[PDB]
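The structure appears below as structure tokens.
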Amino acid sequence: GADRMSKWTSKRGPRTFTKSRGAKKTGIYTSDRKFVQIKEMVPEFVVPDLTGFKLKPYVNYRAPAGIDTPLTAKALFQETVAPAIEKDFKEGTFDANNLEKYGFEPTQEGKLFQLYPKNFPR
Amino acid sequence: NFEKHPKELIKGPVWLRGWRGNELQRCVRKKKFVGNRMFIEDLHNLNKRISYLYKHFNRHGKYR
Amino acid sequence: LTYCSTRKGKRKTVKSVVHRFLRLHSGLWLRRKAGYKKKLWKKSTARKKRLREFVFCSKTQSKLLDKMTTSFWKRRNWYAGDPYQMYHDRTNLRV
Amino acid sequence: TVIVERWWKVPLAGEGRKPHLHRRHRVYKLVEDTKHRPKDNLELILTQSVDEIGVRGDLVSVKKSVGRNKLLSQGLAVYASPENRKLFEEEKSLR
Amino acid sequence: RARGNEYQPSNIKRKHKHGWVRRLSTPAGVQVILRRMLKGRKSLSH
Amino acid sequence: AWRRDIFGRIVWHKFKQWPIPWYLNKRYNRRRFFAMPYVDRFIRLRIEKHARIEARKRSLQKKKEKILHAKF
Amino acid sequence: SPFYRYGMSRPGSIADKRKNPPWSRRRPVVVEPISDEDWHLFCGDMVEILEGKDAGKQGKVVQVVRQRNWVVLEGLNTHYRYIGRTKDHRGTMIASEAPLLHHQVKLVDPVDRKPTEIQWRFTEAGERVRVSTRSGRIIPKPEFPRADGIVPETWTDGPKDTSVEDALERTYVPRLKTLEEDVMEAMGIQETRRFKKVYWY
Amino acid sequence: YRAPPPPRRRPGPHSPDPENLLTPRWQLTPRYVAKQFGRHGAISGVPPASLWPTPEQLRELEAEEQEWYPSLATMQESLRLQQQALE
Amino acid sequence: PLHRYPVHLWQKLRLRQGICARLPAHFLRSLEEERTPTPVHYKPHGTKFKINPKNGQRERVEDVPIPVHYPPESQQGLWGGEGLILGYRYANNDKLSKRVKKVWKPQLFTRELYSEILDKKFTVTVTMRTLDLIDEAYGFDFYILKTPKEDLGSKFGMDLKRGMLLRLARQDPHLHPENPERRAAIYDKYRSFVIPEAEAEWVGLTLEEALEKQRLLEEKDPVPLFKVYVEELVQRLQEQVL
RNA sequence: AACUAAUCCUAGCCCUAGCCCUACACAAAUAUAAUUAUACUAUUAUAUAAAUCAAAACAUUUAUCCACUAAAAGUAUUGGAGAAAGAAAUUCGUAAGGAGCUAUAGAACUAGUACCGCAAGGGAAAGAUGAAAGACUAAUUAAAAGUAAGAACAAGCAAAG
Ligand SMILES: [Mg+2]
Ligand SMILES: [Mg+2]
Ligand SMILES: [Mg+2]
Ligand SMILES: [Mg+2]
Ligand SMILES: [Mg+2]
Ligand SMILES: [Mg+2]
Ligand SMILES: [Mg+2]
Ligand SMILES: [Mg+2]
Ligand SMILES: [Mg+2]
Ligand SMILES: [Mg+2]
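Structure (structure tokens):
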């Protein structure tokens, strides 16, 4: 006679049964049943200063939209790194070892914002 | 010049092109040609269909 | 009797008949006399003489055996020196 | 070893075919138990002088069990193989 | 007495007996799940 | 990583962040990414169930073309 | 859904929810499938009625329900009905247009009033244009007001609306830095700690 | 209407590709190879020498013949002894 | 509907698709080329023809292998192809009596064997049949190398086969170190079984183990596109200057 | 002179033929009492299929269940030599459609849903306007049983002469 089709949540079951609704944990439970919040585990919203901002939620109809071109890795490379290498190649001051000079990162370890695996949320 | 028998022009199931028989024979013939390429449930039903027909045609009927 | 066999779909011969009866192509069947090898020491000489003979079958018995045997056992067999050569045909019978 | 034979014959299968079995082809009778059979002997040529069974360089026969446990493994004796006999026969000749 | 009230609901009893973890414990229970997935059932277990 | 569950399917497994290696984690060594032989029969049945469904759809589209050609 | 009939009312209106309840199982309409390239009827194009009540009368397309291969012409194939009927008042009698299938109408030669058949063909610039099968000519796409009703040219800038020039402004600088790294540098946040090793699995 | 061209059996020798797993096995045995030669002769491409048994194959046939099919003299010799025993 | 291929051919297609196909050619041949194991529990027909006593006519005869059950414990021992015979018997050896279940078991023994090539002594569960086979092979090492995969009937034995073959193939100095004379003798004595090193590695491995071995060999972290574009750019610039 | 009702055509389905597959579904969560972001206690199919049923019982036994077409051949063989079972050698072969279904039919299916059982599991029913509903949802029919319109009037298988 139990309803099998309804979702299993903490409102149901005895007192002992509990579970989260998806809220991210922000602290630790120490011995003796004491909660110790950790400030670093609490997200902090980085909010910019909007003074002098010239952009509003809606855009004018008169303004014409452009052609959609999903950005690709090749396109970014040509814009940023290709010109430096091209000029350097003419000057001859280019070597395989110093690709980092143009911005190459050998490993993501040591970066605050690791590209992969991502260590930063949206 | 008898190059092709007319039976070769029939379009139908592989196990009964140019052949005719009663259902029990038809059941066994379907198994022979495509017994190894049949689905599990279809093969199970065919096996049961054969066993039913066998006991009917070989143990029942008005004439002995 | 197996009227329709699974593997081939044909009628099956009963081998109890093949081992007891001989069919002549005309349609007659031959058989032995039951007990011709049994307790011969208490049977009379005339009694034993009858048993040794080969006997024919009736229309019903012949009809039965024809249902229990397949056509292969009803064909013509051209055996050289056959001791049943002359008996496969009926002659001077009006009926 | 246990050597078994079926009670029910298996119809011939052909050349490129396998003899599909049935539940009656799993009834076995005991052909022979090889363990009870009389045992052979083990022929081995000594690599080192053996105790009371000969001197080194002499081919000897042992009762199977004795050779395997000690002579074959402890290095006292070596297998009497073709090459082994050939090599030792050279030492025997050069004496 | 009066029958008909055999079902004495307890969520701890229910989930232990016919739950997801209980079913996966044994292969005989996993084959219960496997058939239910074949049929198309809304709920595979409790 | 592409891995197989105990129900005989290929499932894309998203990894999680852990403070200890996998071989020392006793909750990871309760999850199973393999299938026993008894899932073999069920694997084939899904193939046939999908094959049946796919066959019916193709036949249905064929009829709809016939109706259109009859109409026009 | 398999059982959904497209009618004359714009989908999602009160009329279309009333006509098509979730339990509706009306007989499907059979529509000759027409490729996107094949279709040549567009809103605003003058067409002529091949057959019907108003056969031989030219009209202007004002609606195209491609799901039903329908083209609606203003003031033609028009029957009568009462709009705004109330319990107190009968309402106002109006003449309501009825949908026409494409094969019952034809496009009109831009210069001359005749039902000239057209074919799709490219131009020197490469833009696809309709060309008359006979008396080959370019019939331009007819400019029509947008369904939303917003008029671009007359639109006046207001609060919460960006100026046209401001939107056109481009300031993206291609650089191998994420948004998470550009903001901190611009906003001057400094963090020297680094996350400990994590065993992903 | 004009009828389609009459159905025709494919002419010339036929050699299947052994790679394909659905090709019937009997269509790949050496016996099937000889059939190709007989039907179309040289155009089959079968090495004519291959038709005759190979030396290892030849020993197989010769070994069997001695085992089961004796010589004329042996048959006559045994028959005489049997008559003598019966006599 | 109908499957395009018969069910029994599915295994072959499985080997022919995906990473399975990429496995080395010689290993794939090993799996499919399963040769009936040598008779152990039945006496094979000496001839292909026999004279039936009843009718006295020449009749073809065939050898039908007895089904034997190999418990997984056997994979960790060295049985000479032996296994469990699960069958039925007629009480009192007459078919008119009841049919009774019977299981015939091998008299397993545990002994210690020394491998010259490995120079290590293993303790293994071994039947008297294997002991005779080892004696007829004139050494434990000869027995492992000579016996094919099927006749051996053990996963433990196959690992020994790979270990011995790899030892001979590489001429590893780890065999009897600091005594080169001793090492040379062993290698020469078993020189006949030497095979190429690459082939030796793929000996006795199962499909899963071979699949795991291949996956590890082909595992590689994705190349950064940065480098890939740089290589293309440099080549184009170099060619233009040329 | 009508209530209850009835009429209806396409939703899908069936059997073949061809064809191995490469439909493995953003992001997030789930083996913990599944779908709960992090450590605790770690994780692993199965020894021979049985029986019904047939032998007018039953006890040995009992096709399919459990390796190319046709021929040899239901032959040789096997079998409480009963019911029954049953070869091979050796020959032969280049291989998209509907005298199907049309809503009690065809799949159980509008759905493995509602509902029922603690669970394994079992398992439905039904829809119908027109070109346009941005034309006040059509039609169509003395037509089933059941009623009404219109209770009954000595006497009786209810009718027949
Ligand atoms: Mg044959
Ligand atoms: Mg109850
Ligand atoms: Mg209670
Ligand atoms: Mg029994
Ligand atoms: Mg009975
Ligand atoms: Mg009884
Ligand atoms: Mg139905
Ligand atoms: Mg139903
Ligand atoms: Mg009525
Ligand atoms: Mg009256």
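Residue numbers (the UniProt record's numbering), protein chains in the order written: chain A, 14 to 135; chain B, 65 to 128; chain C, 94 to 188; chain D, 50 to 144; chain E, 47 to 92; chain F, 169 to 240; chain G, 16 to 216; chain H, 25 to 111; chain I, 2 to 243.
The C-beta atom is built at its ideal place from N, Cα and C for all residues, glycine as well.
Item                                                                                                                                                                : Value
Looking at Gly65/D and ligand 1, is the gap between the Cβ and the nearest heavy atom below 7 Å?                                                                    : no
Taking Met199/G as part of the alpha helix (DSSP H), name the residues at either end of that continuous run.                                                        : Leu194 to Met202
By the criterion of Cβ-Cβ separation under 8 Å, what are the contact partners of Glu67/B in chain H?                                                                : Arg32 and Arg33
List, in chain order, every chain I residue whose beta-carbon is nearer than 9 Å to that of residue 18/D.                                                           : Chain D is shown only over 50 to 144; residue 18/D falls outside these bounds and no answer can be derived.
Any Cβ of chain B within less than 8 Å of the Cβ of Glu222/F?                                                                                                       : no
Please report the residue range of the beta strand (DSSP E) in which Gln154/C lies.                                                                                 : From DSSP, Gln154/C is part of no beta strand (DSSP E) but of the alpha helix (DSSP H) over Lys152 to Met161.
For a quick check, are the C-beta atoms of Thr39/I and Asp152/I less than 8 Å apart?                                                                                : yes
Hey, does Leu213/F have any beta-carbon neighbour from chain E nearer than 8 Å?                                                                                     : yes
Mind listing the chain C neighbours of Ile114/B? Cutoff is C-beta to C-beta under 8 Å, in chain order.                                                              : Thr99
Could you name the residues of chain G that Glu92/A contacts, counting a contact when the two beta carbons are closer than 8 Å?                                     : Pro189
Which residues share a DSSP beta bridge with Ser137/C?                                                                                                              : Answer is none; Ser137/C lacks a bridge partner.
Which term fits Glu168/G, buried or exposed, when burial requires 16 or more other beta carbons within 10 angstroms of its beta carbon?                             : exposed
Using the C-alpha atoms, what's the distance from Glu89/G back to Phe18/G?                                                                                          : 30 Å
Compute the minimum distance between the beta carbon of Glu210/I and the heavy atoms of ligand 2, and state whether it is under 7 Å.                                : no
Taking 8 Å as the CB-CB cut-off, is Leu128/A touching chain I?                                                                                                      : no
Between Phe61/H and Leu75/H, which are expected to be in contact by the criterion C-beta below 8 Å, what is the C-beta distance as a whole number of angstroms?     : 7 Å
Taking the alpha carbon of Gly82/I as the reference point, which residue from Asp133/I, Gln241/I and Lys13/I has its own alpha carbon closest?                      : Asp133/I
Go through the stretch 70 to 111 of chain I residue by residue and report every complete run of the beta strand (DSSP E) that reaches 3 residues or more, in order. : 86 to 91 and 100 to 105
Taking the C-alpha atoms as reference points, what is the distance between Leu217/I and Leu176/I?                                                                   : 28 Å
What beta strand (DSSP E) runs, 3 residues minimum, are completely inside the stretch 119 to 144 of chain G?                                                        : 120 to 122 and 133 to 136
For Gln50/A, does the three-state DSSP call read helix, strand or coil?                                                                                             : strand
What is the DSSP secondary structure of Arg116/C, reduced to helix, strand or coil?                                                                                 : strand
Excluding five sequence neighbours on each side, which residues of the same chain lie with their C-beta closer than 8 Å to the C-beta of residue 219/G?             : What the structure shows of chain G is the stretch from 16 to 216, and residue 219/G is not part of that stretch, so it cannot be assessed.
Compare the C-alpha of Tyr214/G against each of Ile174/F, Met204/F and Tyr191/F and name the closest.                                                               : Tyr191/F
At a cut of 8 Å, does the stretch 78 to 88 of chain E reach the stretch 185 to 200 of chain F through at least three beta carbon pairs?                             : no
Starting from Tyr97/G, trace the beta strand (DSSP E) both ways and give me its first and last residue.                                                             : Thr93 to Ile98
How about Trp85/G: is its C-beta nearer than 8 Å to some C-beta of chain F?                                                                                         : no
Going by the beta-carbon positions, is the gap between residue 250/F and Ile104/B smaller than 8 Å?                                                                 : Residue 250/F falls outside the range modelled here, since chain F spans only 169 to 240, and no answer is possible.
Does any CB atom of chain I fall closer than 8 Å to the CB of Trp92/H?                                                                                              : yes
For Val8/I, go through chain B and note every residue whose CB falls closer than 8 Å to its CB, in chain order.                                                     : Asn100 and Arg101
Checking 8 Å against the spacing of the C-beta atoms, do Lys122/I and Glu113/I come in under that value?                                                            : yes
Answer yes or no: the CB of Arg124/C versus the heavy atoms of ligand 4, is any distance below 7 Å?                                                                 : no
State yes or no: is the C-beta of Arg100/I nearer than 7 Å to some heavy atom of ligand 4?                                                                          : yes
At a cut-off of 7 Å, is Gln185/F close to ligand 3 when judged by its beta-carbon and the heavy atoms of the ligand?                                                : no
Using beta-carbon positions only, say whether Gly158/I and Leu79/I come within less than 8 Å of one another.                                                        : yes
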